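J.: Sharing query-v6.txt here; it has compact mmCIF, C-alpha atoms and all ligand atoms.
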# COMPACT_ATOMS: atom_id res chain seq x y z
CA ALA H 5 110.05 118.36 61.96
CA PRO H 6 106.74 117.97 63.89
CA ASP H 7 104.99 115.36 61.68
CA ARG H 8 107.41 112.76 63.09
CA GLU H 9 106.64 113.28 66.78
CA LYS H 10 103.23 114.71 66.01
CA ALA H 11 102.36 111.14 65.09
CA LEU H 12 104.38 109.32 67.72
CA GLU H 13 102.11 110.88 70.29
CA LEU H 14 98.92 110.13 68.34
CA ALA H 15 100.12 106.54 68.36
CA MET H 16 101.76 106.55 71.77
CA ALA H 17 98.46 108.12 72.88
CA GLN H 18 96.20 105.33 71.66
CA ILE H 19 98.62 102.83 73.12
CA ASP H 20 97.75 104.02 76.62
CA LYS H 21 94.06 104.02 75.81
CA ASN H 22 94.08 100.43 74.53
CA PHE H 23 96.51 99.07 77.10
CA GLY H 24 96.97 101.43 80.01
CA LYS H 25 99.01 104.29 81.40
CA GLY H 26 102.71 103.39 81.65
CA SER H 27 102.52 101.11 78.66
CA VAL H 28 104.82 103.39 76.66
CA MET H 29 107.08 105.91 78.41
CA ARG H 30 109.90 108.42 77.94
CA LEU H 31 112.55 107.57 80.55
CA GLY H 32 112.89 111.33 80.74
CA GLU H 33 109.31 112.31 81.61
CA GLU H 34 108.39 113.91 85.01
CA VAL H 35 104.87 112.79 84.06
CA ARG H 36 101.81 112.24 86.23
CA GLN H 37 101.35 112.70 89.99
CA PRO H 38 98.73 110.66 91.94
CA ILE H 39 97.37 111.68 95.32
CA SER H 40 97.67 108.12 96.68
CA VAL H 41 101.06 106.70 97.63
CA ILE H 42 102.72 105.15 100.71
CA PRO H 43 106.07 106.54 101.81
CA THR H 44 108.65 103.84 102.34
CA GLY H 45 110.76 105.51 104.98
CA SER H 46 113.41 106.34 102.39
CA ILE H 47 113.08 109.72 100.70
CA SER H 48 115.84 108.32 98.51
CA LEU H 49 113.64 105.45 97.35
CA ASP H 50 110.48 107.51 97.16
CA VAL H 51 111.90 109.87 94.53
CA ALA H 52 113.24 106.76 92.93
CA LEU H 53 109.75 105.32 92.74
CA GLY H 54 108.86 108.50 90.86
CA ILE H 55 105.67 109.12 92.81
CA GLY H 56 107.14 109.40 96.28
CA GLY H 57 106.20 105.96 97.49
CA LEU H 58 104.42 102.76 96.62
CA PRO H 59 101.36 103.23 94.41
CA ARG H 60 98.19 102.17 96.13
CA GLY H 61 96.05 99.62 94.34
CA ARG H 62 98.98 97.98 92.57
CA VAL H 63 100.86 94.79 93.36
CA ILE H 64 104.46 95.26 94.42
CA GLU H 65 107.36 92.81 94.24
CA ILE H 66 110.51 93.32 96.25
CA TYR H 67 113.15 90.69 95.69
CA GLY H 68 116.76 90.09 96.66
CA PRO H 69 119.27 87.73 98.38
CA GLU H 70 118.40 87.18 102.04
CA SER H 71 119.10 89.69 104.76
CA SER H 72 119.28 92.64 102.35
CA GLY H 73 116.31 94.76 103.45
CA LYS H 74 113.08 93.69 101.69
CA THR H 75 110.90 93.15 104.74
CA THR H 76 112.53 96.13 106.46
CA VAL H 77 111.25 98.30 103.65
CA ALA H 78 107.90 96.52 103.91
CA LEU H 79 107.53 97.02 107.66
CA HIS H 80 108.16 100.70 107.15
CA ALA H 81 105.63 100.60 104.30
CA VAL H 82 103.24 99.30 106.92
CA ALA H 83 104.45 101.71 109.60
CA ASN H 84 103.48 104.58 107.32
CA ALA H 85 100.09 103.59 105.86
CA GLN H 86 99.18 102.56 109.39
CA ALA H 87 100.14 105.79 111.11
CA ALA H 88 97.83 107.25 108.48
CA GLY H 89 94.60 105.58 109.55
CA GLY H 90 94.38 102.55 107.31
CA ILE H 91 95.27 99.11 108.63
CA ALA H 92 97.66 96.46 107.29
CA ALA H 93 97.51 92.68 106.97
CA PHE H 94 100.53 90.40 106.97
CA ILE H 95 100.09 86.87 105.59
CA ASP H 96 102.90 84.87 107.23
CA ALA H 97 104.36 81.77 105.59
CA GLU H 98 108.00 82.09 106.64
CA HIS H 99 107.22 82.34 110.34
CA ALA H 100 110.03 84.80 110.97
CA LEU H 101 108.71 88.14 112.12
CA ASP H 102 110.07 90.02 115.09
CA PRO H 103 107.48 92.37 116.52
CA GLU H 104 109.97 94.17 118.77
CA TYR H 105 111.58 95.18 115.48
CA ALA H 106 108.52 95.74 113.38
CA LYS H 107 107.65 97.99 116.34
CA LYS H 108 110.79 100.09 116.55
CA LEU H 109 110.33 100.76 112.87
CA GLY H 110 106.89 102.10 113.68
CA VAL H 111 104.36 99.31 113.33
CA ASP H 112 101.39 99.18 115.71
CA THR H 113 101.62 95.43 115.99
CA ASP H 114 98.87 95.04 118.60
CA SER H 115 96.62 96.10 115.78
CA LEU H 116 98.33 94.29 112.94
CA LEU H 117 96.50 91.42 111.19
CA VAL H 118 98.77 88.39 110.98
CA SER H 119 97.80 85.11 109.29
CA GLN H 120 99.81 81.87 109.38
CA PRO H 121 98.31 79.82 106.47
CA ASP H 122 98.82 76.11 105.96
CA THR H 123 98.71 75.72 102.19
CA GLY H 124 100.12 78.30 99.79
CA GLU H 125 96.67 78.12 98.32
CA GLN H 126 94.78 78.74 101.55
CA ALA H 127 97.12 81.70 101.93
CA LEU H 128 96.20 83.44 98.71
CA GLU H 129 92.48 83.25 99.52
CA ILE H 130 92.83 84.48 103.05
CA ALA H 131 94.74 87.27 101.31
CA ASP H 132 92.08 87.51 98.68
CA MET H 133 88.82 87.64 100.60
CA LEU H 134 90.69 89.82 103.08
CA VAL H 135 91.57 92.41 100.46
CA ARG H 136 88.01 92.26 99.17
CA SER H 137 86.65 93.62 102.42
CA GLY H 138 87.95 96.95 101.16
CA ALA H 139 89.45 97.69 104.56
CA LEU H 140 93.18 96.97 104.30
CA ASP H 141 95.38 99.64 102.75
CA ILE H 142 98.47 97.48 102.49
CA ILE H 143 98.92 93.76 102.71
CA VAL H 144 102.18 91.92 102.57
CA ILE H 145 102.76 88.27 101.80
CA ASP H 146 106.09 87.12 103.17
CA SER H 147 107.84 84.90 100.66
CA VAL H 148 106.52 84.18 97.21
CA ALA H 149 108.73 81.14 97.61
CA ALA H 150 107.27 79.71 100.80
CA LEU H 151 103.84 79.29 99.22
CA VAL H 152 103.62 75.57 98.56
CA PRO H 153 100.35 74.21 97.11
CA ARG H 154 98.39 71.47 98.89
CA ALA H 155 99.77 68.75 96.67
CA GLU H 156 103.49 69.25 97.45
CA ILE H 157 102.74 69.57 101.14
CA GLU H 158 100.59 66.44 100.78
CA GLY H 167 104.72 74.03 88.11
CA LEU H 168 101.61 73.97 90.27
CA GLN H 169 102.94 76.93 92.18
CA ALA H 170 103.33 79.13 89.09
CA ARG H 171 99.63 78.57 88.44
CA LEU H 172 98.77 78.98 92.07
CA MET H 173 100.19 82.47 91.57
CA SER H 174 98.92 82.95 88.02
CA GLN H 175 95.49 81.90 89.29
CA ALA H 176 95.49 83.92 92.53
CA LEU H 177 97.13 86.93 90.94
CA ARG H 178 94.46 87.40 88.25
CA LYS H 179 91.59 86.92 90.66
CA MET H 180 93.42 89.21 93.06
CA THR H 181 94.85 91.96 90.85
CA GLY H 182 91.24 92.74 90.13
CA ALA H 183 89.85 93.61 93.55
CA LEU H 184 93.07 95.45 94.44
CA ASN H 185 92.30 97.90 91.62
CA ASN H 186 88.86 98.57 93.10
CA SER H 187 89.77 98.12 96.73
CA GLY H 188 92.69 100.48 96.53
CA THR H 189 94.80 98.18 98.70
CA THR H 190 98.42 98.06 97.56
CA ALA H 191 99.98 94.60 98.01
CA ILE H 192 103.56 93.51 98.69
CA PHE H 193 105.31 90.18 97.97
CA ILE H 194 108.71 89.10 99.24
CA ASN H 195 110.88 86.97 96.90
CA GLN H 196 114.50 85.72 96.72
CA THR H 212 110.18 80.26 91.97
CA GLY H 213 106.59 80.83 90.83
CA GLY H 214 107.86 83.95 89.16
CA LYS H 215 106.37 84.47 85.71
CA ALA H 216 103.02 85.54 87.10
CA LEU H 217 104.19 88.11 89.65
CA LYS H 218 106.95 89.07 87.24
CA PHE H 219 104.10 90.42 85.08
CA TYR H 220 101.25 91.39 87.37
CA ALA H 221 103.67 93.48 89.36
CA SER H 222 103.11 97.18 88.66
CA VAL H 223 106.42 97.79 90.42
CA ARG H 224 109.40 95.48 90.97
CA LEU H 225 112.15 96.42 93.40
CA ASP H 226 115.50 94.69 93.32
CA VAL H 227 117.13 95.02 96.70
CA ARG H 228 120.75 94.12 97.31
CA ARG H 229 123.34 94.86 100.00
CA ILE H 230 126.36 96.84 98.91
CA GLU H 231 128.33 97.40 102.13
CA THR H 232 128.53 96.53 105.79
CA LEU H 233 128.11 99.86 107.62
CA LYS H 234 131.24 100.41 109.69
CA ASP H 235 130.87 102.66 112.73
CA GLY H 236 134.32 102.90 114.26
CA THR H 237 133.42 99.77 116.22
CA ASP H 238 132.33 96.78 114.15
CA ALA H 239 128.94 97.67 112.61
CA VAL H 240 125.85 99.89 112.82
CA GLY H 241 124.03 98.40 109.83
CA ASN H 242 124.10 97.99 106.04
CA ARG H 243 124.12 100.17 102.95
CA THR H 244 121.34 98.89 100.76
CA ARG H 245 120.71 99.50 97.08
CA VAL H 246 117.34 99.22 95.36
CA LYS H 247 116.88 99.09 91.60
CA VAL H 248 113.35 99.68 90.30
CA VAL H 249 113.45 97.21 87.45
CA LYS H 250 109.75 97.58 86.66
CA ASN H 251 107.77 100.78 87.05
CA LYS H 252 104.38 101.07 85.37
CA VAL H 253 103.51 104.19 87.35
CA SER H 254 106.44 106.28 86.09
CA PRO H 255 109.78 105.68 84.34
CA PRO H 256 111.67 102.63 85.63
CA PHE H 257 115.31 101.88 86.19
CA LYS H 258 115.95 104.84 88.53
CA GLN H 259 117.67 103.59 91.67
CA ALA H 260 118.20 104.49 95.31
CA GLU H 261 120.40 103.51 98.26
CA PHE H 262 119.95 103.96 102.00
CA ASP H 263 121.24 102.69 105.29
CA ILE H 264 119.74 100.11 107.66
CA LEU H 265 120.88 100.36 111.29
CA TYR H 266 120.93 96.99 113.03
CA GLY H 267 117.56 96.82 114.71
CA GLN H 268 116.58 100.41 114.29
CA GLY H 269 115.76 100.60 110.57
CA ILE H 270 116.30 102.85 107.52
CA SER H 271 118.20 105.87 108.84
CA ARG H 272 115.98 108.81 108.04
CA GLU H 273 118.63 111.38 108.79
CA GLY H 274 121.37 109.54 106.95
CA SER H 275 118.99 109.42 104.01
CA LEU H 276 118.89 113.24 104.27
CA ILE H 277 122.64 113.84 104.40
CA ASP H 278 123.06 111.90 101.16
CA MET H 279 119.99 113.35 99.44
CA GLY H 280 120.94 116.64 101.07
CA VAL H 281 124.32 116.94 99.43
CA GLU H 282 123.56 115.27 96.10
CA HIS H 283 121.31 118.31 95.73
CA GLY H 284 123.69 120.67 97.46
CA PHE H 285 121.63 121.76 100.46
CA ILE H 286 124.52 120.31 102.49
CA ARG H 287 128.18 121.11 101.88
CA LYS H 288 131.22 118.93 102.39
CA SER H 289 134.16 121.18 103.23
CA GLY H 290 136.41 118.18 103.74
CA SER H 291 134.48 115.63 105.81
CA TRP H 292 132.67 118.51 107.50
CA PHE H 293 129.01 118.45 106.68
CA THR H 294 127.57 121.94 106.85
CA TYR H 295 124.03 123.18 106.31
CA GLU H 296 124.40 126.60 104.67
CA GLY H 297 126.81 128.42 106.95
CA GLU H 298 126.48 126.37 110.10
CA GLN H 299 128.05 122.96 110.53
CA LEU H 300 126.27 119.70 111.40
CA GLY H 301 129.28 117.58 112.25
CA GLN H 302 132.42 115.88 110.95
CA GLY H 303 131.89 112.39 109.59
CA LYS H 304 128.59 111.27 108.04
CA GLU H 305 127.65 109.36 111.17
CA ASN H 306 128.33 112.43 113.34
CA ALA H 307 126.20 114.74 111.20
CA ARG H 308 123.67 111.95 111.21
CA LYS H 309 123.85 112.31 114.98
CA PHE H 310 123.32 116.04 114.67
CA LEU H 311 120.27 115.49 112.47
CA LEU H 312 119.11 112.75 114.83
CA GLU H 313 118.79 115.07 117.82
CA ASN H 314 117.83 118.10 115.72
CA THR H 315 114.42 117.50 114.21
CA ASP H 316 113.77 121.16 113.34
CA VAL H 317 116.78 121.60 111.07
CA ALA H 318 116.16 118.02 109.93
CA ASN H 319 112.59 118.56 108.75
CA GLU H 320 113.91 121.61 106.92
CA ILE H 321 116.35 119.69 104.74
CA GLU H 322 113.65 117.07 104.17
CA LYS H 323 111.23 119.88 103.47
CA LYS H 324 113.62 121.65 101.05
CA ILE H 325 114.84 118.34 99.64
CA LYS H 326 111.15 117.58 99.18
CA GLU H 327 110.47 120.88 97.45
CA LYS H 328 113.49 120.61 95.15
CA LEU H 329 111.81 117.57 93.59
CA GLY H 330 108.13 116.80 94.19
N1 LIG H 401 115.09 92.05 114.63
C1 LIG H 401 116.17 92.66 114.03
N2 LIG H 401 117.18 93.14 114.81
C2 LIG H 401 118.24 93.72 114.24
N3 LIG H 401 118.42 93.92 112.91
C3 LIG H 401 117.42 93.43 112.13
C4 LIG H 401 116.29 92.81 112.58
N4 LIG H 401 115.50 92.45 111.50
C5 LIG H 401 116.14 92.87 110.47
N5 LIG H 401 117.28 93.46 110.76
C6 LIG H 401 118.28 94.07 109.74
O1 LIG H 401 117.75 93.90 108.41
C7 LIG H 401 118.71 93.19 107.52
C8 LIG H 401 117.93 92.30 106.56
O2 LIG H 401 116.58 92.77 106.26
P1 LIG H 401 115.21 91.92 106.58
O3 LIG H 401 115.86 91.59 107.83
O4 LIG H 401 114.67 93.18 105.98
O5 LIG H 401 115.62 90.85 105.37
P2 LIG H 401 115.21 90.67 103.83
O6 LIG H 401 116.25 91.65 103.61
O7 LIG H 401 113.80 91.06 104.21
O8 LIG H 401 115.62 89.22 104.23
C9 LIG H 401 119.62 92.48 108.51
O9 LIG H 401 120.95 92.29 107.96
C10 LIG H 401 119.66 93.42 109.77
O10 LIG H 401 120.71 94.44 109.64
Could you render the structure as C-alpha cells?

T.:
Amino acid sequence: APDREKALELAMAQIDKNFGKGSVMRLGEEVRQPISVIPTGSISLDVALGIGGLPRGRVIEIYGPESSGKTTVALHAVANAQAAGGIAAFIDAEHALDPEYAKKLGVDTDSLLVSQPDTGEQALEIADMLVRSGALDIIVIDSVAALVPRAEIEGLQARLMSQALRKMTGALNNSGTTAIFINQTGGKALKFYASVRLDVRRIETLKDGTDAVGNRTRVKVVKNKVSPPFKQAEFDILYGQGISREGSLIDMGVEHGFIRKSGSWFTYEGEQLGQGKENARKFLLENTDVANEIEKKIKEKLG
C-alpha cells in the first residue's frame, strides 16, 4: 500500500529540488504559507490565489477582453502594497490611466512613479533598472501588447519579452518586487515566466434597480506556481468606486454560512443585515464593526 506513494513522494520530492517548488502539485493540497503577499482587494480572489494575495517576487499576468477589471485589480494591488510602506511603479504605454479613479481605489498617486516610455524596449529597461534599485514592491506594466520594439515604431516583440523577461525575472527574485503585466501578442515568454496567470472576464452587468452600479467579474487562476491552480473567484466592480469589499463579504459570507438567506433576507447570526444583496451590502458599507467581523471570521475559517 505505502511503497506506491512512498516512492511518489521520494520522486515528487526530488522534482522540487531539481526544478522548484510548485513544479509538481496535488490540486488538493493546502500546502505552504509565505509571509509575503499583497492583498488584491478581493478576499474572494485572495483565497483563490491560495496564499491570500499576489506572491511577492514573482511575475504576474492578468489577461482578459477589455473593460473587464484587470487594471482595477492592479490598482488595488498597488493601493495595498502602498498603504503598507513600499512604493509602486507604473510603466505606462497605453496612456489611459485615471488618477481620480486610481485614487478612489486607494492609490497615493502623488507618490506613484509613472513612466511613459517611447519604445517597448526602452520600457522594459526603465522597468528593469528600476526594479533593480530594490525599492519598488510592486510594478505594473500596462499592456503587454502596447510594447512595440524600436524597429516597428521606426516576432521581434516575443524576443523583446523573452529577452527582458529573463534578465528581469532574475532581479525580481532577489529584489522581492512582484511585477504585473496587463494583456488582452508576445505571449510565449510571459506565458511561461509568469508564476501566476489570472484570466479575468466579465460575467454580468450589475443591475441596481436603476440601470447599473458595476460589473460581476470572474477570475480564473490558470497558472499558479505558488499553490494549486485552477481555483477561481468572482467579485463586483462598482462603476468608479472599485471592487466592493462588502459585497465580496456577503458572497464569501454565505458560501461559508456565516450569513443566512431566509428568503432574500441576509442575516448575520440572529440579526438581519438587509433584504436584497445590495441592501445588505449597504448595511455592511456603513457598519464596519460587524463587517470586519465577517471578514475576520471568514478569514479565520480559511487562512
Ligand atoms: N475612471 C473610471 N470610472 C468609472 N468606472 C471605471 C473607471 N475605470 C475603470 N472603471 C470600471 O472598470 C471596468 C473595466 O476595468 P479596467 O477599467 O479595470 O479595464 P481592464 O478591465 O483593465 O480593461 C469598467 O467597465 C468600469 O466599470

J.: Nearest residue to ligand LIG 401 (chain H) out of H:101, H:11, H:276, H:286, using all atoms listed in the file?

T.: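 Of the candidates, the smallest distance to ligand LIG 401 (chain H) is held by H:101.
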
J.: List the spatial neighbours of residue 226 (chain H) as a compact mmCIF listing (two decimals) with C-alpha atoms, in the coordinates of the input - criterion: any atom at most 9 Å away, all atoms listed in the file, same-chain residues fewer than 4 positions off excluded.

T.:
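Final file, result-v1.txt:
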# COMPACT_ATOMS: atom_id res chain seq x y z
CA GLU H 65 107.36 92.81 94.24
CA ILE H 66 110.51 93.32 96.25
CA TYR H 67 113.15 90.69 95.69
CA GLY H 68 116.76 90.09 96.66
CA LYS H 74 113.08 93.69 101.69
CA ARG H 245 120.71 99.50 97.08
CA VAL H 246 117.34 99.22 95.36
CA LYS H 247 116.88 99.09 91.60
CA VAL H 248 113.35 99.68 90.30
CA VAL H 249 113.45 97.21 87.45

J.: Compile the contact shell of residue 138 (chain H) as an MDAnalysis selection string: residues with an atom at most 12 Å away, counting only C-alpha atoms, same-chain residues fewer than 2 positions apart removed.

T.: chainID H and resid 61 90:93 131:136 140:143 183:190

J.: For ligand LIG 401 (chain H), which of H:170, H:117, H:264, H:12 is the closest residue, counting all atoms listed in the file?

T.: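 Checking each candidate against ligand LIG 401 (chain H), we get H:264 as the closest.
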
J.: Quick one: 8 Å padding each side, axis-aligned, all listed atoms of region 250-261 of chain H - centre and edge lengths in Å to one decimal, as JSON?

T.:
{"center_x": 112.0, "center_y": 101.9, "center_z": 91.3, "size_x": 32.9, "size_y": 24.7, "size_z": 29.9}

J.: Can you tell me, as a JSON list (two decimals) with C-alpha atoms, in the frame of the given file, what residues are no more than 12 Å from residue 16 (chain H) when counting only C-alpha atoms, ignoring any on the same chain fewer than 6 positions away?

T.:
[["chain", "number", "residue", "atom", "x", "y", "z"],
["H", 9, "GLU", "CA", 106.64, 113.28, 66.78],
["H", 10, "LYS", "CA", 103.23, 114.71, 66.01],
["H", 22, "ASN", "CA", 94.08, 100.43, 74.53],
["H", 23, "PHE", "CA", 96.51, 99.07, 77.10],
["H", 24, "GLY", "CA", 96.97, 101.43, 80.01],
["H", 25, "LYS", "CA", 99.01, 104.29, 81.40],
["H", 26, "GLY", "CA", 102.71, 103.39, 81.65],
["H", 27, "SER", "CA", 102.52, 101.11, 78.66],
["H", 28, "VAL", "CA", 104.82, 103.39, 76.66],
["H", 29, "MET", "CA", 107.08, 105.91, 78.41],
["H", 30, "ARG", "CA", 109.90, 108.42, 77.94]]

J.: Show me which residues are within 8 Å of ligand LIG 401 (chain H) counting only C-alpha atoms and all ligand atoms, and format the list as a compact mmCIF listing (two decimals) with C-alpha atoms, in the coordinates of the input.

T.:
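Produced file result30.txt, reproduced below:
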# COMPACT_ATOMS: atom_id res chain seq x y z
CA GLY H 68 116.76 90.09 96.66
CA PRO H 69 119.27 87.73 98.38
CA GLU H 70 118.40 87.18 102.04
CA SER H 71 119.10 89.69 104.76
CA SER H 72 119.28 92.64 102.35
CA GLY H 73 116.31 94.76 103.45
CA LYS H 74 113.08 93.69 101.69
CA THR H 75 110.90 93.15 104.74
CA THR H 76 112.53 96.13 106.46
CA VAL H 77 111.25 98.30 103.65
CA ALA H 78 107.90 96.52 103.91
CA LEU H 101 108.71 88.14 112.12
CA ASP H 102 110.07 90.02 115.09
CA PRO H 103 107.48 92.37 116.52
CA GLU H 104 109.97 94.17 118.77
CA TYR H 105 111.58 95.18 115.48
CA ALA H 106 108.52 95.74 113.38
CA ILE H 194 108.71 89.10 99.24
CA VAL H 227 117.13 95.02 96.70
CA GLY H 241 124.03 98.40 109.83
CA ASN H 242 124.10 97.99 106.04
CA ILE H 264 119.74 100.11 107.66
CA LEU H 265 120.88 100.36 111.29
CA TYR H 266 120.93 96.99 113.03
CA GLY H 267 117.56 96.82 114.71
CA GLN H 268 116.58 100.41 114.29
CA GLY H 269 115.76 100.60 110.57

J.: Would you mind reading off the distance between CA of residue 306 (chain H) and CA of residue 325 (chain H), one decimal, in Å?

T.: 20.1 Å

J.: For CA of residue 87 (chain H) and CA of residue 110 (chain H), determine how far apart the two atoms are, in Å to one decimal place.

T.: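 Straight-line distance from CA of residue 87 (chain H) to CA of residue 110 (chain H) works out to 8.1 Å.
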
J.: Hey, can you check how far CA of residue 34 (chain H) sits from CA of residue 53 (chain H)?

T.: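 If I compute the distance from CA of residue 34 (chain H) to CA of residue 53 (chain H), I get 11.6 Å.
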
J.: In the coordinate frame of the file, compute which residues have an atom within 6 Å of (97.6, 106.4, 96.7) when using all atoms listed in the file, and state them as an MDAnalysis selection string.

T.: chainID H and resid 39:41 59:60

J.: Export, as a PDB file, in the frame of the given file, the selected residues with C-alpha atoms.

T.:
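Generated file (selection.pdb):
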ATOM      1  CA  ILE H  39      97.370 111.680  95.320  1.00  0.00           C
ATOM      2  CA  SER H  40      97.670 108.120  96.680  1.00  0.00           C
ATOM      3  CA  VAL H  41     101.060 106.700  97.630  1.00  0.00           C
ATOM      4  CA  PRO H  59     101.360 103.230  94.410  1.00  0.00           C
ATOM      5  CA  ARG H  60      98.190 102.170  96.130  1.00  0.00           C
TER       6      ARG H  60
END

J.: Set the distance at 10 Å and use all atoms listed in the file: which residues neighbour residue 58 (chain H) once local chain neighbours fewer than 2 positions away are removed? I'd like the list as a ChimeraX atom specification.

T.: /H:40-44,49-50,53-56,60-64,81,142,190-192,222-223,253

J.: Please produce an output containing C-alpha atoms for each residue in the selection, written as a JSON list (two decimals), in the coordinates of the input.

T.:
[["chain", "number", "residue", "atom", "x", "y", "z"],
["H", 40, "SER", "CA", 97.67, 108.12, 96.68],
["H", 41, "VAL", "CA", 101.06, 106.70, 97.63],
["H", 42, "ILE", "CA", 102.72, 105.15, 100.71],
["H", 43, "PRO", "CA", 106.07, 106.54, 101.81],
["H", 44, "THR", "CA", 108.65, 103.84, 102.34],
["H", 49, "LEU", "CA", 113.64, 105.45, 97.35],
["H", 50, "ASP", "CA", 110.48, 107.51, 97.16],
["H", 53, "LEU", "CA", 109.75, 105.32, 92.74],
["H", 54, "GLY", "CA", 108.86, 108.50, 90.86],
["H", 55, "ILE", "CA", 105.67, 109.12, 92.81],
["H", 56, "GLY", "CA", 107.14, 109.40, 96.28],
["H", 60, "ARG", "CA", 98.19, 102.17, 96.13],
["H", 61, "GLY", "CA", 96.05, 99.62, 94.34],
["H", 62, "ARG", "CA", 98.98, 97.98, 92.57],
["H", 63, "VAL", "CA", 100.86, 94.79, 93.36],
["H", 64, "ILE", "CA", 104.46, 95.26, 94.42],
["H", 81, "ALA", "CA", 105.63, 100.60, 104.30],
["H", 142, "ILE", "CA", 98.47, 97.48, 102.49],
["H", 190, "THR", "CA", 98.42, 98.06, 97.56],
["H", 191, "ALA", "CA", 99.98, 94.60, 98.01],
["H", 192, "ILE", "CA", 103.56, 93.51, 98.69],
["H", 222, "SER", "CA", 103.11, 97.18, 88.66],
["H", 223, "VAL", "CA", 106.42, 97.79, 90.42],
["H", 253, "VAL", "CA", 103.51, 104.19, 87.35]]

J.: Please determine, counting only C-alpha atoms, which residue among H:139, H:235, H:33, H:229 has the shortest atom-to-atom distance to residue 255 (chain H).

T.: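 Nearest to residue 255 (chain H): H:33.
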
J.: With a distance cut-off of 10 Å and all atoms listed in the file, select the neighbouring residues of region 299-302 of chain H, excluding the residue or stretch itself and same-chain residues fewer than 2 positions from it, and output the selection as a count of residues only.

T.: 23

J.: Which of these residues is nearest to residue 234 (chain H), using all atoms listed in the file: H:20, H:112, H:263, H:320?

T.: H:263

J.: Which of these, H:298, H:273, H:231, H:125, has the shortest distance to residue 152 (chain H) once you count all atoms listed in the file?

T.: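 Counting all atoms listed in the file, the residue closest to residue 152 (chain H) is H:125.
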
J.: Fix up region 80-95 of chain H with N, CA and C atoms, then write it as an mmCIF file, in the coordinates of the input.

T.:
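The new file part.cif reads:
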data_model
loop_
_atom_site.group_PDB
_atom_site.id
_atom_site.type_symbol
_atom_site.label_atom_id
_atom_site.label_comp_id
_atom_site.auth_asym_id
_atom_site.auth_seq_id
_atom_site.Cartn_x
_atom_site.Cartn_y
_atom_site.Cartn_z
ATOM 1 N N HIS H 80 108.311 99.258 107.173
ATOM 2 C CA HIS H 80 108.160 100.700 107.150
ATOM 3 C C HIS H 80 106.894 100.968 106.332
ATOM 4 N N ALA H 81 106.812 100.397 105.134
ATOM 5 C CA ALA H 81 105.630 100.600 104.300
ATOM 6 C C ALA H 81 104.420 100.562 105.202
ATOM 7 N N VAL H 82 104.333 99.492 105.982
ATOM 8 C CA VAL H 82 103.240 99.300 106.920
ATOM 9 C C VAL H 82 103.248 100.467 107.876
ATOM 10 N N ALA H 83 104.325 100.608 108.641
ATOM 11 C CA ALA H 83 104.450 101.710 109.600
ATOM 12 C C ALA H 83 103.760 102.978 109.124
ATOM 13 N N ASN H 84 104.053 103.375 107.892
ATOM 14 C CA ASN H 84 103.480 104.580 107.320
ATOM 15 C C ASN H 84 101.973 104.520 107.101
ATOM 16 N N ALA H 85 101.524 103.697 106.163
ATOM 17 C CA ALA H 85 100.090 103.590 105.860
ATOM 18 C C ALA H 85 99.223 103.235 107.070
ATOM 19 N N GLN H 86 99.877 102.936 108.181
ATOM 20 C CA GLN H 86 99.180 102.560 109.390
ATOM 21 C C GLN H 86 99.071 103.804 110.244
ATOM 22 N N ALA H 87 100.160 104.557 110.336
ATOM 23 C CA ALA H 87 100.140 105.790 111.110
ATOM 24 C C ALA H 87 99.146 106.726 110.459
ATOM 25 N N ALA H 88 98.772 106.418 109.222
ATOM 26 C CA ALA H 88 97.830 107.250 108.480
ATOM 27 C C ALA H 88 96.431 106.663 108.389
ATOM 28 N N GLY H 89 95.949 106.117 109.501
ATOM 29 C CA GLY H 89 94.600 105.580 109.550
ATOM 30 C C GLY H 89 94.364 104.155 109.098
ATOM 31 N N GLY H 90 94.615 103.883 107.826
ATOM 32 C CA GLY H 90 94.380 102.550 107.310
ATOM 33 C C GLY H 90 95.120 101.473 108.078
ATOM 34 N N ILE H 91 94.633 100.235 107.965
ATOM 35 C CA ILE H 91 95.270 99.110 108.630
ATOM 36 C C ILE H 91 95.929 98.138 107.637
ATOM 37 N N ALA H 92 96.923 97.400 108.119
ATOM 38 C CA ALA H 92 97.660 96.460 107.290
ATOM 39 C C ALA H 92 97.509 95.013 107.715
ATOM 40 N N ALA H 93 97.605 94.118 106.735
ATOM 41 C CA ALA H 93 97.510 92.680 106.970
ATOM 42 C C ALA H 93 98.804 92.057 106.480
ATOM 43 N N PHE H 94 99.285 91.085 107.246
ATOM 44 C CA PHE H 94 100.530 90.400 106.970
ATOM 45 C C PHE H 94 100.272 88.897 106.926
ATOM 46 N N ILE H 95 100.314 88.307 105.733
ATOM 47 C CA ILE H 95 100.090 86.870 105.590
ATOM 48 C C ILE H 95 101.408 86.117 105.735
#
